[PDB]
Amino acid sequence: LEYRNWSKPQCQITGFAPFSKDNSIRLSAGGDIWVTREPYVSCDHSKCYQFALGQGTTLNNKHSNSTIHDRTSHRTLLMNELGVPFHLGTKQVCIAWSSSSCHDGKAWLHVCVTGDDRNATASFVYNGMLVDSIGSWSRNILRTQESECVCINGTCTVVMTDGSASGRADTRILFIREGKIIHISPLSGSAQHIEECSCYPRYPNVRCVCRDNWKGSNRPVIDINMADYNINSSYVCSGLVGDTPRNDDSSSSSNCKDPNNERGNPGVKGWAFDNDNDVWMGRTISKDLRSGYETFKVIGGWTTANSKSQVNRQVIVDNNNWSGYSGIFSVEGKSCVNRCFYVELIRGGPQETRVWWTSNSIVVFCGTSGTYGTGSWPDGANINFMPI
């Protein structure tokens, strides 16, 4: 077995093609299925897995009530092959109310954060063993990506934050080999607030697009130099911004450098990635709520501030249906590294109060250099058919 280097060029993409869907909520009305949120996808070579933070209960179960307390000690990181819904045979890989996982080519790394808000612990589990742990540096919800980390030549990087969700916080970028923390770099550069980073390999380095929960409806970007541990940061240039909430398209802005001070707080986990001067990005359709999901390319959107010329739009979820978090993962093909993304389809609270629980299903799409059509792939459950 060999370490992944991801040393191929990024695939050409013309858009995205449907890849996977788990139908979790529909199934939960006639089967024992885990209550989850904050899902993601990561792959051991070409074999892809779905992950989520469990609420320590199934859906048709009185313990499903009030999974709006985001951090309890019952929460565990679930891991199944992609497309296998979270049934009762699902492995709980670690104790976690925040996580990130990734495979280095030889084994799985899981970063799992649990415990008290003011004094949390992160456990680093590598090839099934507990190798390292760190306590909270700012005593205010030590927390991480909720999507895949990335490893290059045996070194894995993960972004973590500790401190305020609505003011300056303390973000650090960890470098980890075989589960062991070998270096920690504080955040540097012009990003002013970092949450829930969606990271990808850009060989020899890593790049992340995150969520600013303080002043920005434009998404921050982090560049992680794997050879010297140097961090820089800025904001995606596109004037079509990726966060929710945000201004409408005619009055949204980004200068590439600073938070835009437009509906800055709070936010939603999301992603984008560069292709030369252009950016491919997803976002909720609604500017206000986590409703709908669309992807498009912004011409000049990576290098020209305030660019708003989109092309290759695709609806992933129509705006009559609920979305949620979204994130990037990468898959190395024969000749190029592809980019894929998942969308969390949140059902139940706070937007659907008939039920008392909150859970999600997923839909997943991957980059394509071929052709495609149109559609919409929402959760599909009828809230009136659900146990409450």
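The numbering used is simple: start at 1 and walk along the sequence shown.
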| item | value |
| --- | --- |
| Of 124 to 132 and 76 to 84, the one with larger mean CA B-factor | 124 to 132 |
| Average Cα temperature factor in the PDB entry - higher stretch of 147 to 155, 302 to 310 | 302 to 310 |
| Highest recorded Cα temperature factor - choice among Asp170, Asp104, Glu294, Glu196 | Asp170 |
| Largest Cα B-factor, entry values, listed residues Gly89, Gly115, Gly282, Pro204 | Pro204 |
| Third assignment of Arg211 from its chain's C-alpha B-factors | middle |
| Relative C-alpha B-factor of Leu53, binned into the chain's lowest, middle or highest third | lowest |
| Chain thirds of CA B-factor: placement of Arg347 | middle |
| CA B-factor placement of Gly375, once the chain's modelled residues are sorted into thirds | middle |
| Within-chain third of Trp322 by Cα B-factor, per the entry | middle |
